[PDB]
Amino acid sequence: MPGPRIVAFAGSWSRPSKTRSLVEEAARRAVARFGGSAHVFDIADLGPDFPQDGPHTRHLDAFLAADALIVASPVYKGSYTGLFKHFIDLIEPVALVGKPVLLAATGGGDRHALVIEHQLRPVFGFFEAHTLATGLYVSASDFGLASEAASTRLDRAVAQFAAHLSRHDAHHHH
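First residue of the sequence shown? That's 142 in our numbering, and the numbers climb one at a time after it.
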């Protein structure tokens, strides 16, 4: 087990979205630090309110087996999207304990940046997941499309993955 298996999920269904560039520029820092062959999938390659033999090659089975998770959503209506939460509503309630999650979010401006603490961290603390100390809200300043002071926040948030894996990564029941 020399390399972690990373998955990526972005809650933007559109093809050339700015959320898919954020989740693609997340594993490369981990893959290039330590990892192999990240599963990066957009929510267009999903079963979005259609389990029954769908594209659960690229949603469910890669998500639950991953050693590291990066999760992202466009900020719609002061919170994440609905199609993002429909994917989360299908997870078993205790399925992601001991799992590192990196929170990310894209929006219109620099406003609405309490979605990391008040919207995404309560949902992934419901799963009792190892939420990292650095979630990152980005504005529409990116054109691995990135720009200033979000790249250093992203590179230093993936550095919090390998900092709880040292010496060869050392009433309810599922």
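Even for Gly, the Cβ is constructed at its ideal location relative to N, Cα and C.
Would you identify the three-state DSSP class for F228, choosing helix, strand or coil? On the sequence shown, position 87 is the one that residue 228 refers to. The answer is helix: DSSP assigns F228 an H, G or I state.
Please work out which residues of its chain come closer than 6 Å, Cβ to Cβ, to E269, disregarding the five sequence neighbours upstream and downstream, and give them in chain order. Here residue 269 is taken as the residue at index 128 of the sequence shown, counted from 1. Closer than 6 Å at Cβ, skipping near neighbours: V238.
At which residues does the beta strand (DSSP E) containing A245 begin and terminate? Numbered from its first residue, the sequence shown carries residue 245 at position 104. In the DSSP assignment, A245 falls within the unbroken beta strand (DSSP E) covering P241 to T247.
Selection from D190, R262 and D208 that minimises the alpha carbon distance to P241: Within the sequence shown, the letter at position 100 stands for residue 241. With respect to the C-alpha of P241, the residue from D190, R262 and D208 having the closest C-alpha is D208.
Look at the alpha carbon of residue 317 and the alpha carbon of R252, and state the distance between them as a whole number of angstroms. This structure cannot settle anything about residue 317, because the visible part of the chain is limited to 142 through 315.
So what does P215 bridge to, in DSSP terms? Against the sequence shown, residue 215 aligns to sequence position 74. DSSP, once it has assigned bridges, lists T247 as partnering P215.
Could you check whether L163 and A213 sit closer than 8 Å to each other, using their CB atoms as the reference points? Position 72 of the sequence shown, counted from the first residue, corresponds to residue 213. Position 22 of the sequence shown, counted from the first residue, corresponds to residue 163. Yes, the pair counts as a contact, with Cβ atoms nearer than the cut-off.
Between the beta-carbon of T275 and the beta-carbon of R297, is there less than 8 Å? Taking the sequence shown and counting its residues from 1, the one referred to as residue 275 is at position 134. Taking the sequence shown and counting its residues from 1, the one referred to as residue 297 is at position 156. Their beta carbons are under 8 Å apart, which means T275 touches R297 by this criterion.
Distance, Cα to Cα, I229 vs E289? Position 88 of the sequence shown, counted from the first residue, corresponds to residue 229. Position 148 of the sequence shown, counted from the first residue, corresponds to residue 289. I229 and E289 have their C-alpha atoms spaced approximately 31 Å apart.
Tell me which residue opens and which closes the alpha helix (DSSP H) that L163 is part of. The sequence position of residue 163 within the sequence shown is 22, counting from 1. It spans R161 to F175 - the alpha helix (DSSP H) in which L163 sits, taken as one unbroken run.
Give the straight-line distance between the Cα atoms of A246 and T198, rounded to the nearest whole angstrom. Indexing the sequence shown from 1 puts residue 246 at position 105. Indexing the sequence shown from 1 puts residue 198 at position 57. Those two C-alpha atoms are separated by around 24 Å.
Taking the alpha-carbon positions, what's the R174 to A304 distance? Looking up residue 174 in the sequence shown gives position 33. Looking up residue 304 in the sequence shown gives position 163. For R174 and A304, the gap between their C-alpha atoms comes out near 12 Å.
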